[PDB]
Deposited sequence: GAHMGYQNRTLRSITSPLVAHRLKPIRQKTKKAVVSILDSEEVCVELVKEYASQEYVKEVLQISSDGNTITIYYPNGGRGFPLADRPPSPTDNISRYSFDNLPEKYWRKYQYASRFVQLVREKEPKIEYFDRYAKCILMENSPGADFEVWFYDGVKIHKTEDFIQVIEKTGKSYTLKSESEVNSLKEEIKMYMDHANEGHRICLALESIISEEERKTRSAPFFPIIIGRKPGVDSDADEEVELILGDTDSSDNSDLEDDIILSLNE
């Protein structure tokens, strides 16, 4: 069971992207499906559901040239659950998940303009990244692992654990309020998309 190792990917609300590695192309489609074309001709396509829990695999007949769109499916097709997926495709599923993990860290879920900064909560929940692009060129990025400060000069620092330099704290004190605010809205609005179950309320731009 792939489960014993990794976890199902999440691509919900991800804008489209196509990147060519050497071994193959990876995509996020308008459907928020994830496509891995193994490879210059495509010999194998994996199409993972936006949830992670479904993997569709189709081949050609013959020895599928490269393209904008991925190749429309064939009758040589299969479907697996995350649990049923054969070992053979596991490292492919993990390429797709690493990639998607990359995108979500940089995919805004909420953009909020305070008097003093642009605040960005990312899609890499739980514990998503949080960027604060101060309008006077200060930058504070918060991560589960750590916090990066960049000063108006370019002095850039990490704090995996505080006294900063006091003046840093005015900015960090703000960053924190912004995080508390974007985390309260995300909860409120998320509550609403539960109660209504209509169309996604994310991402949002505020102010």
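- Residues of the deposited sequence with no modelled C-alpha atom fall in the ranges 1-9, 49-54, 79-80, 179-182, 229-266.
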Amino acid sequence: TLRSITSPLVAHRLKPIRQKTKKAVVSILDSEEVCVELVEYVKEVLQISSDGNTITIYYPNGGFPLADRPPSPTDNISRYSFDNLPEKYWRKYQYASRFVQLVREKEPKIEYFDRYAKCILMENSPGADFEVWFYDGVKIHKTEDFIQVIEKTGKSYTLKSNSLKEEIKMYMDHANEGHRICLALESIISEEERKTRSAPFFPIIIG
From here on, numbers count along this sequence of modelled residues.
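- Here the stretch with the larger average CA B-factor, out of 162-170 and 141-149, is 162-170.
- Per the PDB record, of the two stretches 182-190 and 15-23, 15-23 carries the greater mean B-factor over its C-alpha atoms.
- Annotation for residue 84: C-alpha temperature factor in the middle third relative to the rest of the modelled chain, per the entry.
- In this PDB entry, residue 99 carries a Cα temperature factor that places it within the lowest third of its chain's modelled residues.
- Ranked by Cα temperature factor within the chain, residue 127 sits in the lowest third according to the deposited record.
- When the modelled residues of the chain are ordered by C-alpha B-factor, residue 133 sits in the middle third.
- When the CA B factors of the chain's modelled residues are split into thirds, the value for residue 35 lands in the lowest one.
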